[PDB]
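Quick heads-up: it's one chain on its own, the form deposited in one PDB entry, in structure tokens.
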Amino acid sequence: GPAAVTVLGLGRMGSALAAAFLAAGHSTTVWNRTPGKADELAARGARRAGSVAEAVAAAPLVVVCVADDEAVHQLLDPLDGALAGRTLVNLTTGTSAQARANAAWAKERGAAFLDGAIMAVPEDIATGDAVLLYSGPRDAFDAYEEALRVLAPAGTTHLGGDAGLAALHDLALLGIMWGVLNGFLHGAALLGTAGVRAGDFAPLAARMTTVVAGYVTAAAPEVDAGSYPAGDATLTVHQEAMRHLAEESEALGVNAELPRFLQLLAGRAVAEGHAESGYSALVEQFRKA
């Protein structure tokens, strides 16, 4: 049947995690530092643990979702041997270095450790819009995927054994989001000088975004190969259009810092001999500090 699970942390997001486990039929034990945040869950069937030690002893799967890594260790460091044989899933926001250090710490204490990144707001937990990324030993993920997937039934993803991968993928994916939104908003500013409503630009911008998803998968093998054929446009052609975008921005009185930055990066690739390479050659500029 459903695995027993413990949730440590009943903030907005921890509470949503515990509610999802309970609604899916798991025996759910909950704990929070400050009393008074567990009684609705208890009334729905959760076990209100009397202490951290009881909570951690209650289930082989311990999901932690608190403010930061300092709080995680305030809760878990005083435990003496309680973690041995258990699987710790840390959904607290942290860095890749914190996750890798936590993996070593947990291994010393006999626990399996998965670091997770929640790509969702609390209200979207257990919906098809949620994504949760996991990293750490695959055997622990496989053992508990049936339980963990109730938090993101169409979005539960194991990335690999390096515990730092979740944090890094989360940030990398947000980078794509910021790139899209900046392009939309800068474009909306540019077109706004000609009276164009952002809602008139948006369907074209959204379709472009969808099209460029295919460019992403097309570029990946070139990155891995270190070989960057021009395909449909050399970096020279890209850079010229970048220059044009900057010059139109300056002429029309909107901010040109974004296209000038794009042009800077492309120019560094051209300076290293990639005038006739495809856009994927810019990966070499991103690897260099």
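Only residues modelled in both forms are compared. Rigid core: the largest C-alpha set superposing within 1.5 Å between the two forms. Numbering starts at 1 and follows the sequence shown.
- Of the two segments, 39-47 and 234-242, the one listed with the higher mean B-factor is 39-47 (C-alpha atoms only).
- According to the PDB record, 225-233 carries the higher mean C-alpha B-factor of the two stretches 257-265 and 225-233.
- In the PDB entry, the Cα temperature factor peaks, among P153, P122, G81, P203, at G81.
- The maximum CA B-factor among the listed residues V211, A101, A143, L190, taken from the PDB record, is found at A143.
- Remark: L10 belongs to the lowest third of its chain, ranked by C-alpha B-factor as recorded.
- Per the deposited record, the Cα B-factor of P137 falls in the highest third when ranked against the other modelled residues of its chain.
- Sort the modelled residues of the chain by CA B factor and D162 lands in the middle third.
- Remark: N32 belongs to the lowest third of its chain, ranked by C-alpha B-factor as recorded.
- Sort the chain's modelled residues by C-alpha temperature factor and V62 lands in the middle third, per the entry.
The protein also exists as the form deposited in another entry; that form is not presented, and the subsequent description refers to it.
- Checking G179, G85, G128, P78 for C-alpha shifts of 2 Å or more between this form and the one not shown, after the rigid core is superposed, gives a single hit: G179.
- Segment displaced between this form and the one not shown is 173-288 alone (run of at least 3 consecutive residues, each Cα moved 2 Å or more after rigid core superposition).
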